[PDB]
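These notes concern the structure reproduced below.
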Amino acid sequence: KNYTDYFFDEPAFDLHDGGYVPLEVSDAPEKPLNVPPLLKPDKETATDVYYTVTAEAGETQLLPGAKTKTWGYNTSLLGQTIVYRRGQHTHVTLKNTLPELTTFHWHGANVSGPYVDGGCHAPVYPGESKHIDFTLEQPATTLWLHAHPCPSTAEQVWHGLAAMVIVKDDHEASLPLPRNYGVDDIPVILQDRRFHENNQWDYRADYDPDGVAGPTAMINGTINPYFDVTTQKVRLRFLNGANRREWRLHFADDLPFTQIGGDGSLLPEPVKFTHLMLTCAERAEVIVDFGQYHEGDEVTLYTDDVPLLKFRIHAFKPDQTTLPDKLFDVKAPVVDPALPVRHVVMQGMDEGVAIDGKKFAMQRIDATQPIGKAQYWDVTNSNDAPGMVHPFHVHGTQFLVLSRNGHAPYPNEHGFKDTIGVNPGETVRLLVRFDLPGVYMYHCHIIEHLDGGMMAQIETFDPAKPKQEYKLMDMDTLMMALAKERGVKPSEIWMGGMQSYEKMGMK
Ligand SMILES: [Cu+2]
Ligand SMILES: [Cu+2]
Ligand SMILES: [Cu+2]
Ligand SMILES: [Cu+2]
């Protein structure tokens, strides 16, 4: 069964918005796709690994001309790919060499909150170093790292603070999958940007409370990239790292491809596609087979009508292996019947975005859930048609998708996920279990909605113990710091998201 059409509701696609910015094919000369190097551990044994992850500012040649000023992890733009291993004790030094405070959020990592999680409440101030330790007990998958100050996440991701995280385990290592990182297994971080004069980025001037989208696609920090294919089979780790844009991916000739992984795990079984849509923060790992091409051939990957990435076919050794019927055993957590079904409503667009009738307040806990107890969450997008698809994300968990409007989830949604696109009028039922105590956000992952208040937080707790005290960030602390850091008055700070709060008269 080859899936030839996008699963999401077509009327709600981003391309029907009034302020939709179409992608334009840039002038710049085609060049080799940048593949971020693997971050070298400071030290590694079988049981332990030590990393230093460093947020920093620099400049990057993106367009011919001047260099674009950028932020990155251990590099000028984006980051070096970080490798974690299930069961391995991980030690990370978070180092901020930026002019402003930041946060290090491990999107999709089953870690304690709110500090290791690295959300709103885990500031790392300029010049400061912080130490975190954790052991991941979750399946092999593609995660990512990104800035998460509340606000502005949108500004820091725009400036380039995102990096791929690969999680390895024993089960995945036993499978006949391409796995030579940089040769037949590559990141495909999908982003867009708007270049101004001097090829600079200017988030404020491009700002839009409903989502910032620029006309120039940028793949792993590359304009008009090509990839030299030297194997028959190639594994693409797609990440939608855009502020808002949806990617509607397909190849020339309707070349099929097989999705083998989603956000939080391998899919139970491989799923064949010709067309695949990804909302913000979603990952899809796919295998593309170039067996039916000759050397010299060129194969174009598209989003809608726009070429993104060209694959140049070189000589390759024939690959005889085929995927097994079942890739991964999904073990569903059990739900206590005594628990309520949690109902979470996403509402509004533009400056009016909200969850359950209110915007995020960094001091206010919106919900609680005992650890180790799975609960059904019904997540609804209140928008009426046309509306937009909101990608709903929950920190600190990987959930299963049980249903969409009482019917089957999409074909590629039978594994573990941390982000799900919710269509106008739709209720998605999720099975959500938190393994660790802490404070965790849940929010739309259109990053301007996130900053604009479409976010809430849940305290997970051990019932055996009393309520734990967490030092939560407050808005005065954040603005004091940004004021000092930017060398300006607390009253003349500008942050992405402020406009949403102020226009709605909310704090
Ligand atoms: Cu995220
Ligand atoms: Cu997250
Ligand atoms: Cu949203
Ligand atoms: Cu988040």
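Chain labels follow the order of the structure tokens: the first chain is A, the next B, and so on; residue numbering restarts at 1 in every chain, and ligands are counted from 1 in their shown order.
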Give me, as a PyMOL selection string, all polymer residues having an atom no more than 6 Å from residue A:103, counting only C-alpha atoms and skipping those fewer than 4 positions away in the same chain. chain A and resi 118+122-124+147-149
Output N, CA and C atoms for every residue in the selection just made, as a CSV table (one decimal), in the first residue's frame.
chain,number,residue,atom,x,y,z
A,118,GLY,N,15.2,21.1,30.4
A,118,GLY,CA,15.7,22.3,29.8
A,118,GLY,C,14.7,23.2,29.2
A,122,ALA,N,14.8,26.6,33.1
A,122,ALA,CA,16.2,26.1,33.2
A,122,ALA,C,17.1,27.1,32.5
A,123,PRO,N,17.2,28.4,33.0
A,123,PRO,CA,18.1,29.4,32.3
A,123,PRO,C,19.5,29.0,32.5
A,124,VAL,N,20.3,29.3,31.4
A,124,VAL,CA,21.8,29.3,31.5
A,124,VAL,C,22.3,30.7,31.1
A,147,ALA,N,16.8,25.8,21.8
A,147,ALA,CA,16.6,26.8,22.8
A,147,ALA,C,15.2,26.8,23.3
A,148,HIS,N,14.9,27.0,24.5
A,148,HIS,CA,13.5,27.1,25.0
A,148,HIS,C,13.3,28.1,26.2
A,149,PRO,N,13.8,29.4,26.0
A,149,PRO,CA,13.4,30.4,27.0
A,149,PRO,C,12.0,30.8,26.7
Show me which residues sit within 10 Å of ligand 1 when counting only C-alpha atoms and all ligand atoms, and put them as a PDB file with N, CA, C and O atoms, in the first residue's frame.
ATOM      1  N   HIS A 105      16.841  22.557  25.607  1.00  0.00           N
ATOM      2  CA  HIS A 105      15.713  21.644  25.668  1.00  0.00           C
ATOM      3  C   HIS A 105      15.987  20.431  24.783  1.00  0.00           C
ATOM      4  O   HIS A 105      16.184  20.579  23.577  1.00  0.00           O
ATOM      5  N   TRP A 106      15.936  19.244  25.397  1.00  0.00           N
ATOM      6  CA  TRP A 106      16.066  17.973  24.698  1.00  0.00           C
ATOM      7  C   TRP A 106      14.691  17.478  24.257  1.00  0.00           C
ATOM      8  O   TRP A 106      14.046  16.684  24.941  1.00  0.00           O
ATOM      9  N   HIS A 107      14.244  17.960  23.097  1.00  0.00           N
ATOM     10  CA  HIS A 107      12.908  17.661  22.611  1.00  0.00           C
ATOM     11  C   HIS A 107      12.764  16.157  22.398  1.00  0.00           C
ATOM     12  O   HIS A 107      13.440  15.576  21.550  1.00  0.00           O
ATOM     13  N   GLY A 108      11.873  15.545  23.185  1.00  0.00           N
ATOM     14  CA  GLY A 108      11.508  14.145  23.042  1.00  0.00           C
ATOM     15  C   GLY A 108      12.267  13.233  23.999  1.00  0.00           C
ATOM     16  O   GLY A 108      12.043  12.022  24.002  1.00  0.00           O
ATOM     17  N   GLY A 119      13.480  23.277  29.843  1.00  0.00           N
ATOM     18  CA  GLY A 119      12.417  24.137  29.353  1.00  0.00           C
ATOM     19  C   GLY A 119      12.522  25.554  29.922  1.00  0.00           C
ATOM     20  O   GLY A 119      13.614  26.039  30.218  1.00  0.00           O
ATOM     21  N   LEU A 143      15.787  12.632  18.005  1.00  0.00           N
ATOM     22  CA  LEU A 143      15.344  13.728  18.846  1.00  0.00           C
ATOM     23  C   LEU A 143      16.021  14.996  18.329  1.00  0.00           C
ATOM     24  O   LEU A 143      16.735  14.957  17.324  1.00  0.00           O
ATOM     25  N   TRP A 144      15.807  16.116  19.022  1.00  0.00           N
ATOM     26  CA  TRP A 144      16.595  17.303  18.738  1.00  0.00           C
ATOM     27  C   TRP A 144      16.731  18.189  19.967  1.00  0.00           C
ATOM     28  O   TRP A 144      16.027  18.031  20.961  1.00  0.00           O
ATOM     29  N   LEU A 145      17.740  19.052  19.891  1.00  0.00           N
ATOM     30  CA  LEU A 145      18.048  20.036  20.906  1.00  0.00           C
ATOM     31  C   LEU A 145      17.655  21.398  20.351  1.00  0.00           C
ATOM     32  O   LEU A 145      17.923  21.694  19.188  1.00  0.00           O
ATOM     33  N   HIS A 146      17.032  22.232  21.184  1.00  0.00           N
ATOM     34  CA  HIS A 146      16.818  23.613  20.788  1.00  0.00           C
ATOM     35  C   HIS A 146      16.621  24.479  22.020  1.00  0.00           C
ATOM     36  O   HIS A 146      16.355  23.989  23.115  1.00  0.00           O
ATOM     37  N   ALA A 147      16.803  25.779  21.796  1.00  0.00           N
ATOM     38  CA  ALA A 147      16.624  26.794  22.815  1.00  0.00           C
ATOM     39  C   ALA A 147      15.163  26.802  23.251  1.00  0.00           C
ATOM     40  O   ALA A 147      14.279  26.619  22.414  1.00  0.00           O
ATOM     41  N   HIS A 148      14.918  27.023  24.546  1.00  0.00           N
ATOM     42  CA  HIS A 148      13.550  27.061  25.047  1.00  0.00           C
ATOM     43  C   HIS A 148      13.348  28.102  26.159  1.00  0.00           C
ATOM     44  O   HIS A 148      12.726  27.808  27.180  1.00  0.00           O
ATOM     45  N   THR A 153      11.502  31.535  22.470  1.00  0.00           N
ATOM     46  CA  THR A 153      12.047  30.358  21.815  1.00  0.00           C
ATOM     47  C   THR A 153      12.212  30.640  20.326  1.00  0.00           C
ATOM     48  O   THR A 153      13.214  30.248  19.728  1.00  0.00           O
ATOM     49  N   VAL A 157      15.623  30.024  18.043  1.00  0.00           N
ATOM     50  CA  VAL A 157      15.638  29.018  16.992  1.00  0.00           C
ATOM     51  C   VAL A 157      15.904  29.697  15.643  1.00  0.00           C
ATOM     52  O   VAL A 157      16.637  29.142  14.818  1.00  0.00           O
ATOM     53  N   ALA A 162      19.365  24.986  16.947  1.00  0.00           N
ATOM     54  CA  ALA A 162      18.786  23.655  16.862  1.00  0.00           C
ATOM     55  C   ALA A 162      19.880  22.666  16.451  1.00  0.00           C
ATOM     56  O   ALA A 162      20.778  23.035  15.696  1.00  0.00           O
ATOM     57  N   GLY A 241      12.165  21.753  11.435  1.00  0.00           N
ATOM     58  CA  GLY A 241      12.701  22.719  12.379  1.00  0.00           C
ATOM     59  C   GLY A 241      12.270  24.150  12.048  1.00  0.00           C
ATOM     60  O   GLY A 241      12.876  25.100  12.532  1.00  0.00           O
ATOM     61  N   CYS A 280       5.372  21.185  12.290  1.00  0.00           N
ATOM     62  CA  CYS A 280       6.468  21.665  13.109  1.00  0.00           C
ATOM     63  C   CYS A 280       6.845  20.670  14.207  1.00  0.00           C
ATOM     64  O   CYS A 280       5.988  20.211  14.962  1.00  0.00           O
ATOM     65  N   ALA A 281       8.154  20.375  14.251  1.00  0.00           N
ATOM     66  CA  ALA A 281       8.831  19.582  15.266  1.00  0.00           C
ATOM     67  C   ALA A 281       8.691  18.082  15.020  1.00  0.00           C
ATOM     68  O   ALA A 281       9.315  17.309  15.741  1.00  0.00           O
ATOM     69  N   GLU A 282       7.916  17.671  14.006  1.00  0.00           N
ATOM     70  CA  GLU A 282       7.765  16.259  13.690  1.00  0.00           C
ATOM     71  C   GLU A 282       9.049  15.744  13.047  1.00  0.00           C
ATOM     72  O   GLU A 282       9.754  16.500  12.385  1.00  0.00           O
ATOM     73  N   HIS A 393       2.615  19.298  21.332  1.00  0.00           N
ATOM     74  CA  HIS A 393       3.813  18.647  21.842  1.00  0.00           C
ATOM     75  C   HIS A 393       3.721  18.592  23.363  1.00  0.00           C
ATOM     76  O   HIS A 393       3.266  19.552  23.968  1.00  0.00           O
ATOM     77  N   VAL A 394       4.191  17.492  23.964  1.00  0.00           N
ATOM     78  CA  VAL A 394       4.260  17.356  25.408  1.00  0.00           C
ATOM     79  C   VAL A 394       5.690  17.027  25.813  1.00  0.00           C
ATOM     80  O   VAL A 394       6.240  16.031  25.352  1.00  0.00           O
ATOM     81  N   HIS A 395       6.257  17.829  26.718  1.00  0.00           N
ATOM     82  CA  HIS A 395       7.581  17.553  27.252  1.00  0.00           C
ATOM     83  C   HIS A 395       7.541  16.306  28.126  1.00  0.00           C
ATOM     84  O   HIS A 395       6.533  16.037  28.768  1.00  0.00           O
ATOM     85  N   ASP A 418       5.955  12.387  20.098  1.00  0.00           N
ATOM     86  CA  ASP A 418       5.935  13.470  21.077  1.00  0.00           C
ATOM     87  C   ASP A 418       5.245  14.727  20.534  1.00  0.00           C
ATOM     88  O   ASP A 418       5.040  15.692  21.268  1.00  0.00           O
ATOM     89  N   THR A 419       4.911  14.725  19.241  1.00  0.00           N
ATOM     90  CA  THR A 419       4.292  15.864  18.578  1.00  0.00           C
ATOM     91  C   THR A 419       3.251  15.317  17.604  1.00  0.00           C
ATOM     92  O   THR A 419       3.522  14.336  16.913  1.00  0.00           O
ATOM     93  N   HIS A 443       2.230  22.271  24.623  1.00  0.00           N
ATOM     94  CA  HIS A 443       2.025  23.471  23.835  1.00  0.00           C
ATOM     95  C   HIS A 443       1.965  23.164  22.349  1.00  0.00           C
ATOM     96  O   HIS A 443       2.361  22.091  21.914  1.00  0.00           O
ATOM     97  N   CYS A 444       1.503  24.154  21.585  1.00  0.00           N
ATOM     98  CA  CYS A 444       1.622  24.127  20.142  1.00  0.00           C
ATOM     99  C   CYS A 444       3.087  24.356  19.778  1.00  0.00           C
ATOM    100  O   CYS A 444       3.777  25.116  20.462  1.00  0.00           O
ATOM    101  N   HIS A 445       3.562  23.697  18.715  1.00  0.00           N
ATOM    102  CA  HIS A 445       4.966  23.819  18.354  1.00  0.00           C
ATOM    103  C   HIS A 445       5.154  24.702  17.119  1.00  0.00           C
ATOM    104  O   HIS A 445       6.255  24.742  16.576  1.00  0.00           O
ATOM    105  N   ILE A 446       4.096  25.397  16.658  1.00  0.00           N
ATOM    106  CA  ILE A 446       4.314  26.610  15.889  1.00  0.00           C
ATOM    107  C   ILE A 446       4.922  27.583  16.892  1.00  0.00           C
ATOM    108  O   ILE A 446       4.290  27.903  17.891  1.00  0.00           O
ATOM    109  N   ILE A 447       6.184  27.966  16.689  1.00  0.00           N
ATOM    110  CA  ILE A 447       6.975  28.512  17.785  1.00  0.00           C
ATOM    111  C   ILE A 447       6.461  29.906  18.176  1.00  0.00           C
ATOM    112  O   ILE A 447       6.616  30.333  19.320  1.00  0.00           O
ATOM    113  N   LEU A 450       3.644  29.138  20.576  1.00  0.00           N
ATOM    114  CA  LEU A 450       4.321  28.804  21.821  1.00  0.00           C
ATOM    115  C   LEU A 450       4.673  30.077  22.598  1.00  0.00           C
ATOM    116  O   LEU A 450       4.288  30.237  23.755  1.00  0.00           O
TER     117      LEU A 450
END
Please identify every residue of chain A that has at least one atom no farther than 9 Å from an atom of ligand 3, counting only C-alpha atoms and all ligand atoms, and for each give the shortest atom pair and the distance in Å to one decimal, arranged by chain then increasing number, as JSON lines.
{"residue": "A:210", "atom": "CA", "partner": "ligand 3", "partner_atom_place_in_ligand_line": "1 (Cu)", "distance": 7.8}
{"residue": "A:211", "atom": "CA", "partner": "ligand 3", "partner_atom_place_in_ligand_line": "1 (Cu)", "distance": 8.5}
{"residue": "A:244", "atom": "CA", "partner": "ligand 3", "partner_atom_place_in_ligand_line": "1 (Cu)", "distance": 8.8}
{"residue": "A:346", "atom": "CA", "partner": "ligand 3", "partner_atom_place_in_ligand_line": "1 (Cu)", "distance": 7.5}
{"residue": "A:347", "atom": "CA", "partner": "ligand 3", "partner_atom_place_in_ligand_line": "1 (Cu)", "distance": 8.2}
{"residue": "A:348", "atom": "CA", "partner": "ligand 3", "partner_atom_place_in_ligand_line": "1 (Cu)", "distance": 8.0}
{"residue": "A:349", "atom": "CA", "partner": "ligand 3", "partner_atom_place_in_ligand_line": "1 (Cu)", "distance": 6.9}
{"residue": "A:350", "atom": "CA", "partner": "ligand 3", "partner_atom_place_in_ligand_line": "1 (Cu)", "distance": 8.6}
{"residue": "A:353", "atom": "CA", "partner": "ligand 3", "partner_atom_place_in_ligand_line": "1 (Cu)", "distance": 6.9}
{"residue": "A:354", "atom": "CA", "partner": "ligand 3", "partner_atom_place_in_ligand_line": "1 (Cu)", "distance": 8.5}
{"residue": "A:381", "atom": "CA", "partner": "ligand 3", "partner_atom_place_in_ligand_line": "1 (Cu)", "distance": 9.0}
{"residue": "A:388", "atom": "CA", "partner": "ligand 3", "partner_atom_place_in_ligand_line": "1 (Cu)", "distance": 7.8}
{"residue": "A:389", "atom": "CA", "partner": "ligand 3", "partner_atom_place_in_ligand_line": "1 (Cu)", "distance": 7.2}
{"residue": "A:390", "atom": "CA", "partner": "ligand 3", "partner_atom_place_in_ligand_line": "1 (Cu)", "distance": 4.2}
{"residue": "A:391", "atom": "CA", "partner": "ligand 3", "partner_atom_place_in_ligand_line": "1 (Cu)", "distance": 6.4}
{"residue": "A:392", "atom": "CA", "partner": "ligand 3", "partner_atom_place_in_ligand_line": "1 (Cu)", "distance": 7.7}
{"residue": "A:443", "atom": "CA", "partner": "ligand 3", "partner_atom_place_in_ligand_line": "1 (Cu)", "distance": 7.9}
{"residue": "A:444", "atom": "CA", "partner": "ligand 3", "partner_atom_place_in_ligand_line": "1 (Cu)", "distance": 4.5}
{"residue": "A:445", "atom": "CA", "partner": "ligand 3", "partner_atom_place_in_ligand_line": "1 (Cu)", "distance": 6.4}
{"residue": "A:446", "atom": "CA", "partner": "ligand 3", "partner_atom_place_in_ligand_line": "1 (Cu)", "distance": 5.2}
{"residue": "A:447", "atom": "CA", "partner": "ligand 3", "partner_atom_place_in_ligand_line": "1 (Cu)", "distance": 7.9}
{"residue": "A:448", "atom": "CA", "partner": "ligand 3", "partner_atom_place_in_ligand_line": "1 (Cu)", "distance": 7.9}
{"residue": "A:449", "atom": "CA", "partner": "ligand 3", "partner_atom_place_in_ligand_line": "1 (Cu)", "distance": 4.9}
{"residue": "A:450", "atom": "CA", "partner": "ligand 3", "partner_atom_place_in_ligand_line": "1 (Cu)", "distance": 7.2}
{"residue": "A:454", "atom": "CA", "partner": "ligand 3", "partner_atom_place_in_ligand_line": "1 (Cu)", "distance": 6.6}
Include N, CA and C atoms and write out the residues we just selected as a compact mmCIF listing (two decimals), in the first residue's frame.
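This went into result04.txt:
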# COMPACT_ATOMS: atom_id res chain seq x y z
N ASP A 210 1.11 34.73 14.12
CA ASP A 210 0.50 33.50 13.64
C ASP A 210 1.53 32.54 13.05
N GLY A 211 2.80 32.94 13.02
CA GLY A 211 3.86 32.09 12.52
C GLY A 211 4.75 32.84 11.54
N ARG A 244 7.03 27.83 11.46
CA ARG A 244 5.63 27.50 11.19
C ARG A 244 5.39 26.57 10.00
N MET A 346 -6.99 23.28 22.32
CA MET A 346 -6.26 24.36 21.69
C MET A 346 -7.27 25.26 20.98
N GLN A 347 -7.16 26.58 21.20
CA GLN A 347 -8.10 27.52 20.63
C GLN A 347 -7.36 28.74 20.11
N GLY A 348 -7.98 29.44 19.16
CA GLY A 348 -7.47 30.71 18.71
C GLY A 348 -6.44 30.54 17.60
N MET A 349 -6.14 31.68 16.97
CA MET A 349 -5.05 31.83 16.02
C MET A 349 -4.43 33.19 16.31
N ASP A 350 -3.33 33.50 15.63
CA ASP A 350 -2.77 34.84 15.71
C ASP A 350 -2.44 35.22 17.15
N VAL A 353 -4.14 32.97 20.52
CA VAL A 353 -3.91 31.56 20.80
C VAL A 353 -3.94 31.31 22.30
N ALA A 354 -4.44 30.14 22.69
CA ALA A 354 -4.60 29.78 24.08
C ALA A 354 -4.81 28.28 24.22
N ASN A 381 -8.40 20.58 18.61
CA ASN A 381 -8.21 21.85 17.93
C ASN A 381 -9.60 22.45 17.71
N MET A 388 -6.22 26.12 10.90
CA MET A 388 -4.86 25.68 10.68
C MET A 388 -4.60 24.43 11.52
N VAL A 389 -3.60 23.64 11.11
CA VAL A 389 -3.14 22.48 11.84
C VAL A 389 -2.21 22.96 12.95
N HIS A 390 -2.54 22.66 14.21
CA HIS A 390 -1.66 22.97 15.32
C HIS A 390 -0.90 21.71 15.72
N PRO A 391 0.45 21.72 15.68
CA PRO A 391 1.23 20.60 16.21
C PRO A 391 1.40 20.61 17.73
N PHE A 392 0.73 19.67 18.40
CA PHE A 392 0.70 19.62 19.85
C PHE A 392 1.87 18.78 20.35
N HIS A 443 2.23 22.27 24.62
CA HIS A 443 2.02 23.47 23.83
C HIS A 443 1.97 23.16 22.35
N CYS A 444 1.50 24.15 21.59
CA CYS A 444 1.62 24.13 20.14
C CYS A 444 3.09 24.36 19.78
N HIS A 445 3.56 23.70 18.72
CA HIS A 445 4.97 23.82 18.35
C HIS A 445 5.15 24.70 17.12
N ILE A 446 4.10 25.40 16.66
CA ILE A 446 4.31 26.61 15.89
C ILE A 446 4.92 27.58 16.89
N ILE A 447 6.18 27.97 16.69
CA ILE A 447 6.97 28.51 17.78
C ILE A 447 6.46 29.91 18.18
N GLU A 448 5.82 30.61 17.24
CA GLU A 448 5.20 31.89 17.53
C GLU A 448 3.93 31.72 18.37
N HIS A 449 3.25 30.57 18.23
CA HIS A 449 2.10 30.26 19.08
C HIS A 449 2.58 29.94 20.49
N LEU A 450 3.64 29.14 20.58
CA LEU A 450 4.32 28.80 21.82
C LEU A 450 4.67 30.08 22.60
N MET A 454 0.32 29.91 23.67
CA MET A 454 -0.40 28.66 23.43
C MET A 454 0.36 27.50 24.08
What are the closest atom pairs, with distances in Å to one decimal, for each residue of stretch 134-244 of chain A lying within 8 Å of stretch 64-84 of chain A, using only C-alpha atoms, rows by chain and rising residue number, as a tab-separated table?
residue	atom	partner	partner_atom	distance
A:136	CA	A:84	CA	7.9
A:156	CA	A:71	CA	7.8
A:159	CA	A:71	CA	5.2
A:160	CA	A:71	CA	4.9
A:161	CA	A:72	CA	5.0
A:162	CA	A:78	CA	4.9
A:163	CA	A:79	CA	4.5
A:164	CA	A:81	CA	5.0
A:165	CA	A:82	CA	4.7
A:166	CA	A:83	CA	4.9
A:167	CA	A:84	CA	4.8
A:168	CA	A:84	CA	6.3
A:198	CA	A:66	CA	5.6
A:199	CA	A:68	CA	5.6
A:200	CA	A:68	CA	5.0
A:201	CA	A:68	CA	7.0
A:220	CA	A:78	CA	7.6
A:221	CA	A:77	CA	6.9
Could those residues be written to a file, using N, CA and C atoms, as a CSV table (one decimal), in the first residue's frame?
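Wrote selection.csv, looks like this:
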chain,number,residue,atom,x,y,z
A,136,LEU,N,19.0,7.6,29.5
A,136,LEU,CA,17.8,7.5,28.7
A,136,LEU,C,17.3,6.0,28.7
A,156,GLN,N,15.4,32.5,19.3
A,156,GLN,CA,16.7,31.8,19.4
A,156,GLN,C,16.7,30.7,18.4
A,159,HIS,N,17.7,32.4,15.1
A,159,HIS,CA,19.1,32.7,15.1
A,159,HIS,C,19.9,31.4,14.9
A,160,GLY,N,19.3,30.2,15.0
A,160,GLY,CA,19.9,29.0,14.6
A,160,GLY,C,20.2,28.0,15.7
A,161,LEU,N,19.6,28.1,16.9
A,161,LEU,CA,19.9,27.1,18.0
A,161,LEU,C,19.0,25.9,17.9
A,162,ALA,N,19.4,25.0,16.9
A,162,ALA,CA,18.8,23.7,16.9
A,162,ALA,C,19.9,22.7,16.5
A,163,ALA,N,19.8,21.4,17.0
A,163,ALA,CA,20.7,20.4,16.6
A,163,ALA,C,20.0,19.0,16.7
A,164,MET,N,20.4,18.1,15.8
A,164,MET,CA,19.9,16.8,15.8
A,164,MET,C,20.6,16.0,16.9
A,165,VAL,N,19.7,15.1,17.6
A,165,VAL,CA,20.2,14.2,18.6
A,165,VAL,C,19.8,12.8,18.1
A,166,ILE,N,20.7,11.9,18.0
A,166,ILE,CA,20.4,10.5,17.6
A,166,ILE,C,20.5,9.7,18.9
A,167,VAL,N,19.4,8.9,19.1
A,167,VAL,CA,19.4,7.9,20.2
A,167,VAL,C,19.5,6.5,19.6
A,168,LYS,N,20.6,5.8,20.0
A,168,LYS,CA,20.8,4.4,19.6
A,168,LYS,C,20.4,3.5,20.7
A,198,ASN,N,22.6,42.8,3.3
A,198,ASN,CA,23.8,42.2,3.9
A,198,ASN,C,23.6,40.7,4.2
A,199,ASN,N,22.6,40.1,3.6
A,199,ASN,CA,22.2,38.7,3.8
A,199,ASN,C,21.9,38.4,5.3
A,200,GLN,N,21.4,39.4,6.0
A,200,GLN,CA,21.2,39.3,7.5
A,200,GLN,C,19.8,38.8,7.8
A,201,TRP,N,19.6,38.2,9.0
A,201,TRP,CA,18.3,37.8,9.5
A,201,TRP,C,17.8,38.9,10.4
A,220,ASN,N,19.7,21.8,6.6
A,220,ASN,CA,20.9,21.7,7.4
A,220,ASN,C,21.8,23.0,7.2
A,221,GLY,N,21.2,24.2,7.1
A,221,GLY,CA,21.9,25.4,7.0
A,221,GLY,C,22.6,25.5,5.6
Which residues, written as a PyMOL selection string, have at least one atom at most 12 Å from stretch 463-471 of chain A, with only C-alpha atoms counted and residues fewer than 3 positions away on the same chain left out? chain A and resi 113-115+120-123+362-365+368-373+437-440+459-460+474+477
Keeping N, CA and C atoms, export the residues of the selection given above as a compact mmCIF listing (two decimals), in the first residue's frame.
# COMPACT_ATOMS: atom_id res chain seq x y z
N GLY A 113 12.14 16.86 34.83
CA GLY A 113 11.89 18.28 34.66
C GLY A 113 11.80 18.97 36.02
N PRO A 114 11.82 20.32 36.06
CA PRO A 114 12.00 21.14 34.87
C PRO A 114 13.41 21.54 34.44
N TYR A 115 14.45 20.96 35.07
CA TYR A 115 15.82 21.43 34.90
C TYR A 115 16.52 20.65 33.79
N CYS A 120 11.35 26.19 30.11
CA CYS A 120 11.22 27.58 30.51
C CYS A 120 12.02 27.90 31.78
N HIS A 121 12.12 26.91 32.68
CA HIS A 121 12.60 27.13 34.03
C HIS A 121 14.06 26.72 34.22
N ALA A 122 14.83 26.57 33.12
CA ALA A 122 16.21 26.13 33.21
C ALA A 122 17.13 27.13 32.51
N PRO A 123 17.20 28.40 32.98
CA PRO A 123 18.05 29.40 32.32
C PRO A 123 19.53 29.05 32.48
N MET A 362 4.05 31.53 33.57
CA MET A 362 5.21 30.71 33.89
C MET A 362 5.20 30.30 35.36
N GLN A 363 4.42 31.00 36.20
CA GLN A 363 4.32 30.72 37.62
C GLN A 363 3.20 29.73 37.94
N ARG A 364 2.29 29.48 36.99
CA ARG A 364 1.05 28.78 37.27
C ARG A 364 1.09 27.36 36.71
N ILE A 365 0.86 26.37 37.60
CA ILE A 365 0.68 24.98 37.23
C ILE A 365 -0.75 24.78 36.75
N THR A 368 -2.01 18.37 36.93
CA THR A 368 -1.15 17.42 37.62
C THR A 368 -1.48 16.01 37.14
N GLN A 369 -0.51 15.10 37.30
CA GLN A 369 -0.65 13.72 36.90
C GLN A 369 0.35 12.92 37.73
N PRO A 370 -0.07 11.80 38.37
CA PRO A 370 0.87 10.91 39.05
C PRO A 370 1.83 10.25 38.06
N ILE A 371 3.09 10.06 38.47
CA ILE A 371 4.07 9.35 37.65
C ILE A 371 3.68 7.87 37.55
N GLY A 372 4.04 7.24 36.43
CA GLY A 372 3.93 5.80 36.27
C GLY A 372 2.50 5.35 35.98
N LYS A 373 1.57 6.29 35.78
CA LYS A 373 0.18 5.95 35.54
C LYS A 373 -0.25 6.56 34.21
N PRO A 437 9.20 12.56 37.82
CA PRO A 437 8.54 13.72 38.43
C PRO A 437 9.11 15.00 37.83
N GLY A 438 8.32 16.07 37.89
CA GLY A 438 8.83 17.38 37.53
C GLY A 438 7.74 18.29 37.00
N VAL A 439 8.16 19.39 36.37
CA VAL A 439 7.26 20.30 35.70
C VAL A 439 7.61 20.27 34.21
N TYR A 440 6.57 20.06 33.38
CA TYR A 440 6.70 19.83 31.95
C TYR A 440 5.69 20.68 31.19
N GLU A 459 2.46 19.41 36.42
CA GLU A 459 3.34 18.91 37.46
C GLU A 459 3.08 17.42 37.62
N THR A 460 4.11 16.60 37.40
CA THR A 460 4.00 15.18 37.65
C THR A 460 4.65 14.89 39.00
N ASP A 474 10.26 33.47 36.82
CA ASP A 474 9.24 34.50 36.84
C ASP A 474 9.63 35.56 35.82
N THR A 477 12.41 38.29 36.71
CA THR A 477 13.77 37.78 36.67
C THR A 477 14.28 37.76 35.23
Can you list, as number ranges by chain, all residues belonging to stretch 271-458 of chain A that DSSP tags as strand (DSSP E)? A: 271-273, 275-278, 283-289, 298-303, 306-313, 342-347, 354-355, 367-370, 375-381, 390-394, 400-404, 419-422, 427-432, 438-444, 455-458
Expressed in Å, the length from atom CA of residue A:33 to atom CA of residue A:52 is 25.6 Å
Which polymer residues have any atom within 9 Å of an atom of stretch 299-305 of chain A, counting only C-alpha atoms, with same-chain residues fewer than 2 positions away left out, as a PyMOL selection string? chain A and resi 23+226+246-253+255+277+290+293+297+307-313
Can you pull out every residue within 10 Å of stretch 41-45 of chain A, counting only C-alpha atoms, but drop anything in the same chain fewer than 5 positions away, and send it as a PyMOL selection string? chain A and resi 50-53+82-83+88-92
Rounded to one decimal in Å, what is the spacing between atom CA of residue A:380 and atom CA of residue A:366?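 Separation between atom CA of residue A:380 and atom CA of residue A:366: 16.7 Å.
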Would you please work out which residue, of A:497, A:182, A:487, A:264, is nearest to residue A:110 when using only C-alpha atoms?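 Using only C-alpha atoms, the shortest distance to residue A:110 belongs to A:264.
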